[PDB]
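**Q** Quick one: structure below, then a few questions.
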Amino acid sequence: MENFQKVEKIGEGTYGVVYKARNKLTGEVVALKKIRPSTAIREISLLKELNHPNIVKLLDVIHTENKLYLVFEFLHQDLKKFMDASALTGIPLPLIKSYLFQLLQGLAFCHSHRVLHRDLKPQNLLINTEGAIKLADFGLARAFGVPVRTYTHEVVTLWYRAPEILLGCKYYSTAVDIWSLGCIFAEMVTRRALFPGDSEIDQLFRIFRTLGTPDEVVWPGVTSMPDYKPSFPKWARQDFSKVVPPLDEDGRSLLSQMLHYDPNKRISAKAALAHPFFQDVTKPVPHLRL
Ligand SMILES: CC(C)Nc1cc(Cl)nc2c(C#N)cnn12
């Protein structure tokens with residue numbers, strides 16, 4: 001793109017290379033995603049009006065020569081490495097809570113406008129020096145779908161996939177995002193992925209081994225789902241005290257609500273913001289290593 005000078009490769013999205021780039025006239029430093037339909041441009045153009053402090057800002061949409069470029073606000077670090085970098089001591093709890101709190105705000109915004117993320121994961125959660133955290137790629141999945149492999153053949157991670165998606169539900173709702181974010185909260189707390197599955201069935205069986213194999217009692221209509229099988233082994237649900245120590249009772253309570261099997265029972269973002277866990281929420285500033 002004429003108007004942009006690539007600095008370096010910063011990502012290999014699901015959909016293409018992500019570059020750090022500079023605008024040759026405004027001076028702007030930006031994230032440039034190069035993408036590989038009529039629907040798609042119409043959905044993306046709606047994304048331009050979905051503006052929130054906790055949503056990475058979509059600056060521009062460039063369609064040219066059948067190449068498609070999305071120009072995003074740049075952020076200097078993502079959660080996945082911020083976690084990797086905090087391995088030895090973990091992310092302090094008041095920062096975990098600030099991050100969760102802000103992500104739920106971003107979700108309550110998008111969800112109120114009926115936009116789903118569909119593929120939240122530490123890699124597309126971006127942070128700045130200011131103690132803010134922002135959701136990247138919000139809405140591109142409805143626009144482009146979620147492939148099994150990235151454009152570089154990299155497997156798409158299943159670790160954060162909601163169980164209704166895994167069981168083959170076609171018309172899943174905003175609840176999927178709450179599940180994924182639940183998964184990520186647990187992961188910040190414990191410094192390990194909650195359900196690191198390496199196939200769809202491994203993913204599902206991981207979920208089942210932790211939360212109990214779902215049945216008609218906890219998830220009405222589960223047995224009717226497309227990829228549900230009666231031959232699923234039947235595991236018992238583990239207490240959360242065992243899943244996410246040293247997470248306190250408010251945090252363990254919120255977490256259970258975000259990981260309800262029944263998507264209609266699963267807590268919404270807007271209700272999650274009222275949970276007593278956030279009674280004492282603050283905005284700390286992490287130290288980053290720029
Ligand atoms: C420096 C890196 C973490 N910045 C980055 C990476 C990716 Cl994959 N996407 C980004 C957007 C968007 N959208 C903004 N900043 N990034």
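**Q** Just one of 231, 241 is part of a helix (DSSP H, G or I) and either under 20 Å from residue 171 (Cβ atoms) or among the small types (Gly, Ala, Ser) (or both); which is it? Full working, then the answer.
**A** Details: 231 fails: part of a helix (DSSP H, G or I).
241 is the lone residue from the list that is part of a helix (DSSP H, G or I) and either under 20 Å from residue 171 (Cβ atoms) or among the small types (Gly, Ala, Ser) (or both).
**Q** Do we have residue 71 as touching a helix residue (DSSP H, G or I) at 6+ places or on another chain (Cβ under 9 Å), over 26 Å from residue 276 (Cβ atoms) and in the same structural domain as residue 3 (by CATH) here? It would help to see each step written out before you state the result.
**A** Working: touching a helix residue (DSSP H, G or I) at 6+ places or on another chain (Cβ under 9 Å): no; over 26 Å from residue 276 (Cβ atoms): yes; in the same structural domain as residue 3 (by CATH): yes.
Considered against the rule, which asks whether it is touching a helix residue (DSSP H, G or I) at 6+ places or on another chain (Cβ under 9 Å), over 26 Å from residue 276 (Cβ atoms) and in the same structural domain as residue 3 (by CATH), residue 71 comes out as no.
**Q** Taking the residues in the range 216-266 that are under 13 Å from residue 164 (Cα atoms) and charged (D, E, K, R) as candidates, determine which candidate is surrounded by the most Cβ atoms within 10 Å (Cβ to Cβ). Steps first, please.
**A** Our first condition is that a residue be under 13 Å from residue 164 (Cα atoms); within the range 216-266, this holds for 219-228, 259-266.
Subset that is charged (D, E, K, R): 227, 262, 265-266.
On the way: 227: 12, 262: 15, 265: 12, 266: 23.
Only one residue tops the list, namely 266.
**Q** Got a sec? Which of 154, 130, 164 is among the acidic types (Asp, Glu), assigned by CATH to the domain that holds residue 265 and in contact with an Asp or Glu (Cβ under 7 Å, 6 or more places away or on another chain)? Steps first, please.
**A** Values: 130 fails: in contact with an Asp or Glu (Cβ under 7 Å, 6 or more places away or on another chain); 164 fails: in contact with an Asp or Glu (Cβ under 7 Å, 6 or more places away or on another chain).
Exactly one residue qualifies, and that residue is 154.
**Q** Are any residues in the range 134-192 away from the ligand (no atom under 16 Å from the Cβ), surrounded by fewer than 17 Cβ atoms within 10 Å (Cβ to Cβ) and among the hydrophobic types (A, V, I, L, M, F, W, C), and if so, which ones?
**A** If the condition is that a residue be away from the ligand (no atom under 16 Å from the Cβ), surrounded by fewer than 17 Cβ atoms within 10 Å (Cβ to Cβ) and among the hydrophobic types (A, V, I, L, M, F, W, C), then 148, 155 are the ones that fit.
**Q** Further, regarding this structure: Within 13 Å of the ligand (Cβ to nearest atom) and surrounded by fewer than 18 Cβ atoms within 10 Å (Cβ to Cβ), is that true of residue 117? Talk me through it step by step, then tell me what you get.
**A** Numbers: within 13 Å of the ligand (Cβ to nearest atom): yes; surrounded by fewer than 18 Cβ atoms within 10 Å (Cβ to Cβ): no.
For residue 117, the condition - within 13 Å of the ligand (Cβ to nearest atom) and surrounded by fewer than 18 Cβ atoms within 10 Å (Cβ to Cβ) - is not met.
Numbers and lists here come from the model and the stated rules, or from a named source; nothing here is a laboratory result. Cβ: placed from backbone, ideal geometry, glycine included. Neighbour counts: every protein chain shown.
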